[PDB]
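Peer 1: This is the structure I want to talk about, given as structure tokens.
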Amino acid sequence: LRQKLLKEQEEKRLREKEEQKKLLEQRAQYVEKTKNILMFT
Amino acid sequence: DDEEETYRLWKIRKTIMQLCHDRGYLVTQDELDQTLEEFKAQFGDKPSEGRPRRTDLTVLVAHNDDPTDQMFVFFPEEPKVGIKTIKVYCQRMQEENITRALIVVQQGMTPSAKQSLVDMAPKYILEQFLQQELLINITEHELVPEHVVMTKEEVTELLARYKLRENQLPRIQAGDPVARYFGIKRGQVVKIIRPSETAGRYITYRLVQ
């Protein structure tokens with residue numbers, strides 16, 4: 001049970017950290033695009 | 001009087017970020033709950049004739065499922081904005097491929113430009129809000145229950161389940177602050193989830209008219 005719980009917690013940590021990093025990179029690319037079209041307005 | 005205006009614009013931006021997250025547009029947790037100090041450092045603490053002036057702090061975002069429909073906001077410098085000071089914005093709309101946006105006015109909008117917002121509405125479904133209106137996320141209040149915007153395939157399943165027509169539902173007018181908050185046209189039903197003191201949870205359905 002100890003082994004199973006440690007494996008599950010490490011998996012959930014890696015999954016959430018990866019998803020947050022991917023959303024940050026998508027937001028950063030869109031931040032560059034909106035910087036280009038926002039500075040003129 | 002610059003600490004108060006900085007605090008006020010910070011709460012406006014925070015409420016707009018919660019607005020765009022609740023509506024469905026993709027915004028990160030960093031912008032979702034920043035403190036006053038990220039705002040002060042990243043815009044510049046001097047709203048009177050200084051760095052955090054309007055227009056080049058205005059947010060543009062993209063919807064979560066596809067980054068094609070995009071949502072501006074615009075914070076005009078004028079207290080009472082007008083037609084000549086929105087056709088600039090509509091020119092920025094037609095300049096882009098985007099459809100719609102917000103306008104968070106400072107004082108009350110002029111009626112002629114409100115009729116303008118009515119007239120190009122089917123082309124560009126844009127709307128306004130007020131500054132006094134937007135210093136509070138009224139969804140966070142305890143009287144306001146959980147509102148959810150239904151998809152049309154779920155509306156069809158709803159009307160098929162209870163075997164009733166689209167006008168027999170309880171309804172909601174398009175101008176009240178919650179339906180104006182999410183921003184929804186008529187012919188579009190809304191789940192309301194609320195706690196019941198008699199039996200647990202209770203869902204109901206208000207139709208926008």
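Reconstructed Cβ throughout: ideal geometry from the backbone, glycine too, with neighbour counts over all protein chains shown. Basis: the model, the stated rules and, where named, an outside source; none is laboratory data.
Peer 1: Filter segment B:5-35 down to the residues that are over 19 Å from B:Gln132 (Cβ atoms) and in contact with a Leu (Cβ under 9 Å, 6 or more places away or on another chain) and list them by number.
Peer 2: Matches in segment B:5-35: B:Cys20, B:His21, B:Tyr25, B:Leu26, B:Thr28, B:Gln29, B:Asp30.
Peer 1: Of all residues being among the hydroxyl-bearing types (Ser, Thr, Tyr) and assigned to a loop (DSSP other than H, G, I, E, B) in segment B:101-126, which is farthest from B:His21 (Cα to Cα)? Just the residue, please.
Peer 2: Once the filter is applied, the top-ranked residue is B:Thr110.
Peer 1: Take the conditions surrounded by 12 or more Cβ atoms within 10 Å (Cβ to Cβ), without any contact (Cβ under 8 Å) to a residue 60 or more places away in the chain and either assigned to a loop (DSSP other than H, G, I, E, B) or touching a strand residue (DSSP E or B) at 6+ places or on another chain (Cβ under 9 Å) (or both) and apply them to B:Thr139. Does it pass?
Peer 2: So B:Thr139 does not fit the description; no.
Peer 1: Here's a follow-up. Looking at A:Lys35, A:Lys4, A:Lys12, can you tell me which residue is more than 7 Å from chain B (Cβ to nearest Cβ) and exposed (fewer than 10 other Cβ atoms within 10 Å of the Cβ)?
Peer 2: Result of the check over A:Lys35, A:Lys4, A:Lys12: A:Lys4.
Peer 1: Quick check: anything in segment B:41-54 within 13 Å of another protein chain (Cβ to nearest Cβ), surrounded by 14 or more Cβ atoms within 10 Å (Cβ to Cβ) and closer than 26 Å to A:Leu23 by Cβ?
Peer 2: Looking for residues that are within 13 Å of another protein chain (Cβ to nearest Cβ), surrounded by 14 or more Cβ atoms within 10 Å (Cβ to Cβ) and closer than 26 Å to A:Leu23 by Cβ, one finds none in segment B:41-54, hence no.
Peer 1: Inside segment B:1-23, can you point out the residues that are within 15 Å of B:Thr35 (Cα to Cα) and aliphatic (A, V, I, L, M)?
Peer 2: B:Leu9, B:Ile12, B:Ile16, B:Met17
Peer 1: Would you confirm whether any residue within segment B:67-78 is exposed (fewer than 11 other Cβ atoms within 10 Å of the Cβ), within 14 Å of chain A (Cβ to nearest Cβ) and out of contact with any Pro (no Cβ under 7 Å at 6 or more places or on another chain)?
Peer 2: yes
Peer 1: Which number in (1) among the small types (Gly, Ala, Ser); (2) assigned to a loop (DSSP other than H, G, I, E, B); (3) within 14 Å of chain A (Cβ to nearest Cβ) marks the one condition that B:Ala62 misses?
Peer 2: Single failed check for B:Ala62: (2).
Peer 1: Ok, one more. Could you check how many residues of segment A:1-16 are within 15 Å of the chain's Cα centre (by Cα) and of a type in the set (A, V, I, L, M)?
Peer 2: 1
Peer 1: Within segment B:86-100, can you find the residues that are closer than 20 Å to B:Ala62 by Cβ and either in a loop (DSSP other than H, G, I, E, B) or in contact (Cβ under 8 Å) with a residue 40 or more places away in the chain (or both)?
Peer 2: Matches in segment B:86-100: B:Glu96, B:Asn97, B:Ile98, B:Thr99.
Peer 1: Here is a further query. Anything in segment B:1-45 that is among the hydroxyl-bearing types (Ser, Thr, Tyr), in a loop (DSSP other than H, G, I, E, B) and under 27 Å from B:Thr68 (Cα atoms)? List them, or say none.
Peer 2: Hit for segment B:1-45 is B:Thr28, nothing else.
Peer 1: Sort out which residues of segment B:9-49 are in contact (Cβ under 8 Å) with a residue 40 or more places away in the chain and over 19 Å from B:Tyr181 (Cα atoms), and write them in order of number.
Peer 2: Scanning segment B:9-49 gives B:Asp45, B:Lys46, B:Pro47, B:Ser48.
Quick grid of which residues meet (1) closer than 29 Å to B:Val81 by Cα; (2) not assigned by CATH to the domain that holds B:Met71:
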residue: B:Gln94; (1), (2): yes, no
residue: B:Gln106; (1), (2): yes, no
residue: B:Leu126; (1), (2): yes, no
residue: B:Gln132; (1), (2): yes, no
residue: B:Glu153; (1), (2): no, yes
residue: B:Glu157; (1), (2): no, yes
residue: B:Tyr162; (1), (2): no, yes
residue: B:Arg186; (1), (2): yes, yes
